[PDB]
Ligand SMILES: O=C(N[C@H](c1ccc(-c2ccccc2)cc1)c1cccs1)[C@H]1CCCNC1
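In the form deposited without this ligand, a lone chain appears below as structure tokens.
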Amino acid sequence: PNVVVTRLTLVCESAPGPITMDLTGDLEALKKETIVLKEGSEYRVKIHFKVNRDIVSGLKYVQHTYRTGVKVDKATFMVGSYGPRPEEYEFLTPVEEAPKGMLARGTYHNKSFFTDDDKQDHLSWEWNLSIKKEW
């Protein structure tokens, strides 16, 4: 395909190691993968993607976050226009603060969509974020 989503990374300097998932692999297995942030960490979501053949416009990243007892949190980010090249591009969301406090720890269930104004399903995937007192 012209657009290929390759990877999700949580960018956080204070993390003791990389926080990343390979989106070219088994998507069913991503749900079991442990993605941990220390509570209160400042981080950004980084989506890596390739544009292979043709200039594209209106790319968008959508993330739905499910947390027990809370209404689903829906966020849309404009990614924009990109031309073809061999090297992947990286899109980063604005910085956000991870949840903090005893009642905010544990599991956040995410469904992510990389799409565009034409509603193409470039990739849809699930992943879980675990918020912990320590790394």
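Only residues modelled in both forms are compared. Note that the rigid core is defined as the largest set of C-alphas that superpose within 1.5 Å between two forms. Numbering starts at 1 and runs along the sequence shown.
What follows is about the form solved in complex with this ligand, which we do not show.
Just one listed stretch, out of 24-32, 46-54, 77-85, 106-114, contacts this ligand in the deposited bound form at the 4.5 Å heavy atom level, and that stretch is 106-114.
Against this ligand in the deposited bound form, the set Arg67, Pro99 and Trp127 is in full contact: each member has a heavy atom within 4.5 Å. At the 4.5 Å threshold, heavy atoms of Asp73 reach this ligand in the deposited bound form. Where the rigid core is used as the reference frame, a consecutive stretch of 3+ residues with C-alpha displacements of 2 Å or more between the shown form and the other one occurs only at 68-70.
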